[PDB]
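Novice: Starting off with a structure, shown below.
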Amino acid sequence: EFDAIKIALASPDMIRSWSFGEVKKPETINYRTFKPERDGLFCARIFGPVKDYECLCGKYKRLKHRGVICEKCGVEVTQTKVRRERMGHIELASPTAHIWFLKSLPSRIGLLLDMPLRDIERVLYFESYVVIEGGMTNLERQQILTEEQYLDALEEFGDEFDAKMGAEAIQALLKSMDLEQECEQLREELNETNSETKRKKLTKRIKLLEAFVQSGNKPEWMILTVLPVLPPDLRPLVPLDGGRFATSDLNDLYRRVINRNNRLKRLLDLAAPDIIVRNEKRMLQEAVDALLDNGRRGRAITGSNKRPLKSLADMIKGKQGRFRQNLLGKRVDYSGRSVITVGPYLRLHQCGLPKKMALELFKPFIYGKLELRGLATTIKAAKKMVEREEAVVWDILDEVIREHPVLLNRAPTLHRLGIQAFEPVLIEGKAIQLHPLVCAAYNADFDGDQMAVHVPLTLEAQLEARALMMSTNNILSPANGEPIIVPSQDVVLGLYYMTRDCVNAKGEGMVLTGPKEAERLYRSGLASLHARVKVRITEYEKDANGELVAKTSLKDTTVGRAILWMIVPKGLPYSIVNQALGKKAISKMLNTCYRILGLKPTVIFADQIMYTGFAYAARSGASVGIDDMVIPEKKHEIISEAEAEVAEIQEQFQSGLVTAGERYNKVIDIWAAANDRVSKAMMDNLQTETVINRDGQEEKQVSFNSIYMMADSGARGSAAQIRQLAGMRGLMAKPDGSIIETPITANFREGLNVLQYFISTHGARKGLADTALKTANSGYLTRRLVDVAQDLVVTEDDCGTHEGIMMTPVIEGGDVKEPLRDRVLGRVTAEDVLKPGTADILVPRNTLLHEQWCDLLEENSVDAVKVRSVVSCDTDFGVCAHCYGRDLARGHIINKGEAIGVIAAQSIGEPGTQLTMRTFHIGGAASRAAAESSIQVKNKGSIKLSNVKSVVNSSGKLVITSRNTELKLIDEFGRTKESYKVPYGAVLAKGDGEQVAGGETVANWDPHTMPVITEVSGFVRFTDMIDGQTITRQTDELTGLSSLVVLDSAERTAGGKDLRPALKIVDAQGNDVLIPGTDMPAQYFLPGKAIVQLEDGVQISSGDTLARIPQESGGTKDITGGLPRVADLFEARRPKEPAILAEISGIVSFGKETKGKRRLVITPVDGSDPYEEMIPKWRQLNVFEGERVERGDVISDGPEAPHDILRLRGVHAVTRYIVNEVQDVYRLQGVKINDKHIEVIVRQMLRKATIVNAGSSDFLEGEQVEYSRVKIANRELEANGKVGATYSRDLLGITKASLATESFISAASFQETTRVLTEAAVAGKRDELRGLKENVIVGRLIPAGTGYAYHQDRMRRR
Amino acid sequence: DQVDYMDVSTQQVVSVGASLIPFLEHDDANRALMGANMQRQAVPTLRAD
DNA sequence: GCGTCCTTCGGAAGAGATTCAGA
DNA sequence: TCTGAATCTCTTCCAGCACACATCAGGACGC
RNA sequence: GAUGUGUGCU
Ligand SMILES: [Mg+2]
Ligand SMILES: [Zn+2]
Ligand SMILES: [Zn+2]
């Protein structure tokens, strides 16, 4: 049919061509016999017949007169549905400016006539004049005249020269302007000029001029001459109860516009006075502006009771417009809605449809079979038969519902597992029974939530539901390869009570002949389920090429584990049930079952596990009483110790040892330590408190306490929630994020005070407000992640590249958070990895390394595998299958034609939403750390210190004066096993390269109060710090000691803003000491809020604290406070104090001094040396006058902006930085996301590439054009002898990278619809319908999955 | 000796809806809120009990 | 009953207009 | 005293599905 | 059809 959607400006001739008439009366239906007026907003003559195939007057009434035009009233008889396809127009008496091209920034009229917006805005609204055709006087072609200046120019220059006001003058300016001459003059001026602001303005105007001249648009088309009207059926008037009519907004705006236009037309014929007609023209302009985009001007007009009526733009933009409400998501037929119940008798591919709901959903399907079987002859007889619900209708429903899967969707469809297909099982009731395994995927409990049923109609839809959306084919999460149909909170309790042992039984010493004997003994009551017997079990193994070889042995097991072994499919080792199964254990069991056996045994195993978990949880009576929450007998002693410590802290604070920002931190730390000690005490009193005889004397065992059972099994609970029941509740967190100063010292087994409950209510209301008020800014994150990566699909199989990112285990402060296996599993490597039998290859180059290859790599203990990444792929408009990796939902390579950019966006975007809607499950607990102060190396090995600038201590030890140092522990072999980030000013008890015993301290420091320790010795002079101006000082006259706190930029005076307080270290003779190895004096700056306990002119040593800086780092550290960071990383926001990197490598030296800010010159050894950098006086420089630097090295210190990294250290460095930062943020909350998704989002952030030089190509000098087009053009030119065009990659945030795409439809439907459509209309863009949102809006198959083959056929067809 | 006032009763901090929950001092306050709302939502049965 | 008509108040971020200062 | 840097000002965004209730729709003045 | 209020599950 069509293949493109073109948007451009509408000429008045084209507007008249659209129109089938001219509306010229402000009269709707006459509030009478419901007929349209003569030439009003509704008209049979203009738009179309009101009734189908009936003339308005009453002369033609049937299809036998089709196509003719009446004579009594002149309305052609046709289908009545042409009232929504035939537009009209309004002939404006005076020209009117389009508000979209005036008040959308930047104003097209503003930078087309080179005038400021204020001047043209005063001209349009008849408040000043503009000089068109100045002539032979002192008036330019764009000068602004007021009324007095206009009168002066009239009295003393009353020649043929004219100066008009209003939209007519602006239209004359636009029509009288030549575009090519102006463009070449601007090119001349741009080539002449040198200032960057003037260059940018001139090239922006040049771009606007080129867009105007290339397209068919004209400048004078932005001033409206004829105003088209919407067809009446798109602005209907629905009659209510009575003689009144509905309150339509578009009709009201049209009536206002028509009233103003008719009044102006009448005044233009009677020769009204000038002021009256000008005021009427201004009113017409305001009415048209209110019709086009209401509210963009000063005051939005309101219809009734002070609410602004929606214009033609308010119903196309926003969340409630034709883009996000009726095109990207619609209401559908064959759909239903009801609450859900469990029905645990089901299977993984089944659900329960109510018997009275499936009859109404599958109603046309019942009609078809009733007509086929002959029980009815027409459709009305079958309709009445179904309405009556006869005995034969239910058999027809059973026949038509047999293998017709339906889609069950829960209301927040966060990830793709929120929609799944089940084969219906008809039930009597009104609730949709849902299988208990998919409740984790749906995140659906059964406390009053409803799910929607959808009926796939076509054969293709049914097969997509059966082969793709089926709940059987959805056993792995698409975010990470972990299974998603995991038994939860009752099956795990059953399998934990079953597979467990106590040291006694009804029969314990007996030895059994198999699992059937164990089940028979348990059922007959001759043996407890927790015996310790010896069963003879025949386990199979497929260690050969798929052959199950039996190996019968006699293992020391329990009765429960032997009974459970009857459901484990053949092929799995027995050492997966011979233990106390929790939730992680059986999740691992299902995962290994899928990875070894396949999909069908895994599904059958999941069903059998659910059945035998429910059965043996019912058979146990695992209740919960009030005596199960055993209070420890030593909690109040820990309370007393902590309250004594807090009293000492208060006495230290009031004396003046610490300020009020450090008392907070230390009291939080001491109470959090006391809370953890109480939790440990109660956990030790709970887990092991089972003294039971071994049939002889007393023995110890893991407890059978119900609270501890369902806490240790992972059923429902944790250390926090269980701790709050029998330990102490702890301390709460406010909605702002601040932690409560005072803790609660009671649990939910004793009471709570009338005041402790009030304190707890702060955290409780924080938890409930956080969800409902801050899941909005996490649903926004996933929406603008989807809209930036929607058009990314797998389009190839292998691009053939040797590039790729480097993967290493992430050890950044503790043990191995993620080993190499978790980071490299299921991703195609990029080069033959070399084992430490070097010069021999371990794996080939293009092998998708699965679990066997991961085991092989871990056997040889590899530490770095260069793996292929999405961001480094060489495909155009998509990715290849090898550069992505594994599907992560199935155990194979990703299929060609799969929408991976939407799976990536959902996977990144809904741990945040889900965990910010679940912040109240811990109540309002602080959940903060204990602010660890020292480094205790647990393992054995040597130490390697990275990027350290340390000096000596007064005791001889080492003190760290570097910001980004890392204490990493290397074992005797040579591999890194432990790593720690040591902070500035931290003392070292040991050094580098020396073997440390396992379990002793190495680095000690204060968690708060970071110091400013020096490196040299001498006297210190209080330079540039005077009382009152830059420091707040208070003196104890008794001691004679001063303690001054330097103010921040807030309370510091404006005059003293250029004063920089600092401490110059000086020797005895007034000479400036030197930093060793350099010639720069030891000048050390002091930032704000810093306290100094030293006096002016006191001898010091090397490496001692001169001043202290409080940290005030207080937060609850949930996923709510902690996910503006992901938004900042994905939007690529520059931090406050960027770390200064080296733009070009070479020798570093300084030139001129104090250009307001310091000057640094980098000179290479061979090439050109034109680079100078303006370094502000704020931060010191880590490089000196005689060092060697490379590009990407840090001249200064601070947070790295993810643009310098891109432009200096390359694409791999910036993508690794973003991946690591987002992964750290998510892993802090326990979230597990594979890095393919973050790499995909980074790749979608990397699509623009600014040209450096045009070369032999057709690109411009500094144009920002898509990187794929640049690569295609350069690869095409390099095929011949021509030279390509050099470029530079750009990093745009997820908002800008989605708003600056080549398709204006996606950008318009995402955000800023007015601003996107204005630019598209001016530039005359032509959409190609290439993405997924575009085809969803249009109404086609997405080029993503099963429609990918069809789209390839269609593309290669033409 | 320093005090000069005292609360009338333990019920004066909670409302008329949250004061119908027995053992309120043992519930988490989120569960107290949900209990108050659900107690507001109850429909009268056939025979009052 | 018919009937024609002409308040103020969040909040983070980004872009584009002024406006400064500084060489 | 021209041109980057800073500041001022205007703009656009702020999750999903669903259920119940009421009220509006010109209301003033001429007729 | 839009507003206003209340509510349910996330
Ligand atoms: Mg729920
Ligand atoms: Zn007619
Ligand atoms: Zn590739």
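By convention here, the chains of the structure tokens are called A, B, ... in the order presented, each chain's residues are numbered starting at 1, and ligands are numbered starting at 1 in the order presented.
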Would you list the contacts of residue 24 in chain D as an MDAnalysis selection string, taking every protein, DNA or RNA residue within 10 Å and counting only C-alpha atoms (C1' of nucleotides), but skipping same-chain residues closer than 4 positions in sequence?

Specialist: (chainID A and resid 245:247 304) or (chainID E and resid 2:3)

Novice: Skipping near chain neighbours, those fewer than 3 positions away, what residues fall within 12 Å of residue 23 in chain C using only C-alpha atoms (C1' of nucleotides), listed as a list in words?

Specialist: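 Contacts, in chain order: residues 1154, 1155 and 1156 of chain A; 1, 2, 3 and 4 of chain D.
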
Novice: Collect all residues with atoms no farther than 6 Å from ligand 2, counting only C-alpha atoms (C1' of nucleotides) and all ligand atoms, and output them as a CSV table (one decimal) with N, CA and C atoms, in the first residue's frame.

Specialist:
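File produced: selection-v7.csv:
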chain,number,residue,atom,x,y,z
A,55,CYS,N,-30.5,12.0,2.0
A,55,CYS,CA,-30.3,13.4,1.8
A,55,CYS,C,-30.9,14.2,3.0
A,56,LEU,N,-30.3,15.4,3.3
A,56,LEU,CA,-30.7,16.2,4.4
A,56,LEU,C,-32.2,16.7,4.3
A,57,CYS,N,-32.5,17.2,3.1
A,57,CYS,CA,-33.8,17.8,2.9
A,57,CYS,C,-34.9,16.8,2.9
A,58,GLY,N,-34.7,15.6,2.3
A,58,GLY,CA,-35.7,14.6,2.2
A,58,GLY,C,-36.1,14.2,0.8
A,59,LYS,N,-35.1,14.3,-0.1
A,59,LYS,CA,-35.4,14.0,-1.5
A,59,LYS,C,-34.8,12.7,-2.0
A,70,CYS,N,-28.0,16.7,-4.3
A,70,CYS,CA,-29.3,17.3,-4.2
A,70,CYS,C,-29.3,18.7,-4.7
A,71,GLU,N,-30.5,19.2,-4.9
A,71,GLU,CA,-30.8,20.6,-5.3
A,71,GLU,C,-31.4,21.5,-4.3
A,72,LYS,N,-32.3,20.9,-3.5
A,72,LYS,CA,-33.0,21.7,-2.4
A,72,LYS,C,-32.0,22.2,-1.4
A,73,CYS,N,-31.1,21.3,-1.0
A,73,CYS,CA,-30.1,21.7,0.0
A,73,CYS,C,-28.7,21.4,-0.4
A,74,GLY,N,-28.4,20.8,-1.5
A,74,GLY,CA,-27.1,20.6,-2.1
A,74,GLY,C,-26.1,19.8,-1.3
A,75,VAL,N,-26.6,18.6,-0.8
A,75,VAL,CA,-25.8,17.7,-0.1
A,75,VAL,C,-25.8,16.4,-0.9

Novice: Rounded to one decimal in Å, what is the spacing between CA of residue 1311 in chain A and CA of residue 1118 in chain A?

Specialist: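 About the pair CA of residue 1311 in chain A and CA of residue 1118 in chain A: they are 29.4 Å apart.
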
Novice: Can I get the residues close to ligand 1 as an NGL selection string, where close means within 12 Å and we count only C-alpha atoms (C1' of nucleotides) and all ligand atoms?

Specialist: (:A and (339-341 or 410-412 or 439-440 or 442-451 or 914 or 917-918)) or (:E and (8-10))

Novice: Residues within 6 Å of ligand 3, counting only C-alpha atoms (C1' of nucleotides) and all ligand atoms: report them as a list in words.

Specialist: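 With only C-alpha atoms (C1' of nucleotides) and all ligand atoms and a cut-off of 6 Å, ligand 3 is contacted by residues 798, 799, 873, 874, 875, 879, 880, 882 and 883 of chain A.
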
Novice: Keeping only N, CA, C and O atoms, write the selected residues as a short mmCIF file (atom, residue, chain, number, x, y, z; two decimals), in the first residue's frame.

Specialist:
data_model
loop_
_atom_site.label_atom_id
_atom_site.label_comp_id
_atom_site.auth_asym_id
_atom_site.auth_seq_id
_atom_site.Cartn_x
_atom_site.Cartn_y
_atom_site.Cartn_z
N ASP A 798 26.54 -13.10 11.73
CA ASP A 798 27.92 -12.85 12.15
C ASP A 798 28.47 -11.72 11.30
O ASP A 798 28.50 -11.83 10.07
N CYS A 799 28.91 -10.64 11.95
CA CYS A 799 29.53 -9.54 11.24
C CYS A 799 30.99 -9.80 10.90
O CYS A 799 31.56 -9.06 10.09
N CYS A 873 29.96 -4.14 17.71
CA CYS A 873 29.53 -4.85 16.51
C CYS A 873 29.65 -3.95 15.28
O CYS A 873 29.54 -2.72 15.36
N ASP A 874 29.87 -4.58 14.13
CA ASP A 874 30.03 -3.85 12.88
C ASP A 874 28.80 -3.91 11.98
O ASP A 874 28.89 -3.48 10.83
N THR A 875 27.68 -4.43 12.46
CA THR A 875 26.49 -4.46 11.63
C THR A 875 25.88 -3.06 11.53
O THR A 875 26.15 -2.17 12.34
N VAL A 879 22.11 -5.73 15.21
CA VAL A 879 23.24 -6.46 15.74
C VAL A 879 23.26 -7.85 15.11
O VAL A 879 22.26 -8.31 14.55
N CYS A 880 24.41 -8.51 15.20
CA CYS A 880 24.54 -9.88 14.75
C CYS A 880 24.34 -10.83 15.93
O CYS A 880 24.40 -10.42 17.09
N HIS A 882 26.22 -13.37 16.95
CA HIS A 882 27.42 -13.67 17.72
C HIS A 882 27.88 -12.49 18.57
O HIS A 882 28.48 -12.70 19.63
N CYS A 883 27.61 -11.27 18.14
CA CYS A 883 28.00 -10.12 18.95
C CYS A 883 27.04 -9.85 20.08
O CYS A 883 27.31 -8.95 20.88
#

Novice: List every residue of range 184-335 of chain A that DSSP, applied to the backbone of this structure, assigns to strand (DSSP E or B), and report them as a PDB file with C-alpha atoms, in the first residue's frame.

Specialist:
ATOM      1  CA  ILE A 223       1.630  32.658   8.394  1.00  0.00           C
ATOM      2  CA  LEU A 224      -1.874  31.224   8.124  1.00  0.00           C
ATOM      3  CA  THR A 225      -4.144  32.543   5.372  1.00  0.00           C
ATOM      4  CA  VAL A 226      -6.781  29.782   5.439  1.00  0.00           C
ATOM      5  CA  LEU A 227      -7.385  27.760   8.604  1.00  0.00           C
ATOM      6  CA  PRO A 228      -8.582  24.168   8.073  1.00  0.00           C
ATOM      7  CA  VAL A 229     -11.154  22.645  10.410  1.00  0.00           C
ATOM      8  CA  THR A 302     -11.106  28.470  30.003  1.00  0.00           C
ATOM      9  CA  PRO A 308      -8.433  25.287  30.182  1.00  0.00           C
ATOM     10  CA  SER A 335     -10.919  -9.540  26.447  1.00  0.00           C
TER      11      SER A 335
END

Novice: Under the rule of at most 7 Å, produce a per-residue listing of chain D near chain A: chain, number, name, the closest pair of atoms, and the distance in Å, as JSON lines, using only C-alpha atoms (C1' of nucleotides).

Specialist:
{"residue": "D:3", "atom": "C1'", "partner": "A:195", "partner_atom": "CA", "distance": 6.4}
{"residue": "D:14", "atom": "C1'", "partner": "A:777", "partner_atom": "CA", "distance": 6.6}
{"residue": "D:15", "atom": "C1'", "partner": "A:779", "partner_atom": "CA", "distance": 4.2}
{"residue": "D:16", "atom": "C1'", "partner": "A:412", "partner_atom": "CA", "distance": 4.7}
{"residue": "D:17", "atom": "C1'", "partner": "A:411", "partner_atom": "CA", "distance": 4.3}
{"residue": "D:25", "atom": "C1'", "partner": "A:247", "partner_atom": "CA", "distance": 4.4}

Novice: Could you please take those selected residues and save N, CA and C atoms (P, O5', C5', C4', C3', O3' and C1' of nucleotides) as a compact mmCIF listing (two decimals), in the first residue's frame?

Specialist:
# COMPACT_ATOMS: atom_id res chain seq x y z
P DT D 3 34.48 38.45 18.52
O5' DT D 3 34.48 37.34 19.66
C5' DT D 3 35.70 36.96 20.27
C4' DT D 3 35.45 36.24 21.59
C3' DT D 3 34.38 35.15 21.52
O3' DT D 3 34.82 34.00 22.22
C1' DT D 3 33.88 36.66 23.25
P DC D 14 5.51 12.20 31.29
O5' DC D 14 5.64 12.04 32.87
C5' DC D 14 6.72 11.31 33.43
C4' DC D 14 6.87 11.60 34.91
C3' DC D 14 5.60 11.51 35.71
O3' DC D 14 5.34 10.17 36.06
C1' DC D 14 6.86 13.43 36.35
P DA D 15 3.84 9.61 36.05
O5' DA D 15 4.02 8.05 35.77
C5' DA D 15 4.80 7.61 34.68
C4' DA D 15 4.69 6.10 34.53
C3' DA D 15 3.27 5.59 34.34
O3' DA D 15 2.94 5.58 32.97
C1' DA D 15 4.35 4.35 36.04
P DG D 16 1.40 5.62 32.51
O5' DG D 16 0.85 4.17 32.88
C5' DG D 16 1.41 3.02 32.27
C4' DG D 16 0.80 1.75 32.84
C3' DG D 16 -0.70 1.76 32.93
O3' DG D 16 -1.26 1.48 31.66
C1' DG D 16 0.25 0.75 34.86
P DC D 17 -2.68 2.12 31.26
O5' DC D 17 -3.74 1.11 31.88
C5' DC D 17 -3.78 -0.23 31.43
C4' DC D 17 -4.36 -1.15 32.48
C3' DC D 17 -5.77 -0.83 32.92
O3' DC D 17 -6.72 -1.29 31.97
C1' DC D 17 -4.46 -1.36 34.80
P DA D 25 -22.54 23.97 32.92
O5' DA D 25 -22.53 24.12 31.33
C5' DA D 25 -21.42 23.63 30.60
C4' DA D 25 -21.88 22.77 29.44
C3' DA D 25 -23.18 23.22 28.78
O3' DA D 25 -22.90 23.96 27.60
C1' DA D 25 -22.95 20.82 28.93

Novice: Running DSSP on the backbone, which parts of chain B land in alpha helix (DSSP H), as a compact mmCIF listing (two decimals) with N, CA and C atoms, in the first residue's frame?

Specialist:
# COMPACT_ATOMS: atom_id res chain seq x y z
N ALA B 29 3.35 -0.85 61.36
CA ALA B 29 2.44 0.26 61.14
C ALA B 29 1.87 0.27 59.72
N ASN B 30 2.58 -0.32 58.75
CA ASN B 30 1.98 -0.53 57.44
C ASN B 30 0.79 -1.48 57.53
N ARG B 31 0.95 -2.57 58.29
CA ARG B 31 -0.15 -3.49 58.50
C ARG B 31 -1.25 -2.86 59.33
N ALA B 32 -0.90 -1.95 60.24
CA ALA B 32 -1.93 -1.20 60.96
C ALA B 32 -2.74 -0.32 60.02
N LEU B 33 -2.06 0.36 59.09
CA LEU B 33 -2.76 1.19 58.10
C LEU B 33 -3.69 0.35 57.24
N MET B 34 -3.19 -0.78 56.75
CA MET B 34 -4.01 -1.66 55.92
C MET B 34 -5.18 -2.23 56.72
N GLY B 35 -4.96 -2.57 57.98
CA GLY B 35 -6.05 -3.07 58.81
C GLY B 35 -7.12 -2.02 59.04
N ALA B 36 -6.71 -0.78 59.28
CA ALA B 36 -7.68 0.30 59.46
C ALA B 36 -8.50 0.51 58.19
N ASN B 37 -7.84 0.53 57.03
CA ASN B 37 -8.57 0.74 55.78
C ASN B 37 -9.53 -0.42 55.49
N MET B 38 -9.06 -1.65 55.66
CA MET B 38 -9.92 -2.81 55.41
C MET B 38 -11.08 -2.86 56.39
N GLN B 39 -10.84 -2.50 57.65
CA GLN B 39 -11.93 -2.42 58.62
C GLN B 39 -12.94 -1.36 58.22
N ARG B 40 -12.48 -0.27 57.59
CA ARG B 40 -13.40 0.68 57.00
C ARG B 40 -14.16 0.10 55.81
N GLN B 41 -13.59 -0.89 55.12
CA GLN B 41 -14.20 -1.42 53.90
C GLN B 41 -15.20 -2.54 54.13

Novice: Separation of CA of residue 965 in chain A and CA of residue 948 in chain A, in Å?

Specialist: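 Interatomic distance here is 5.4 Å.
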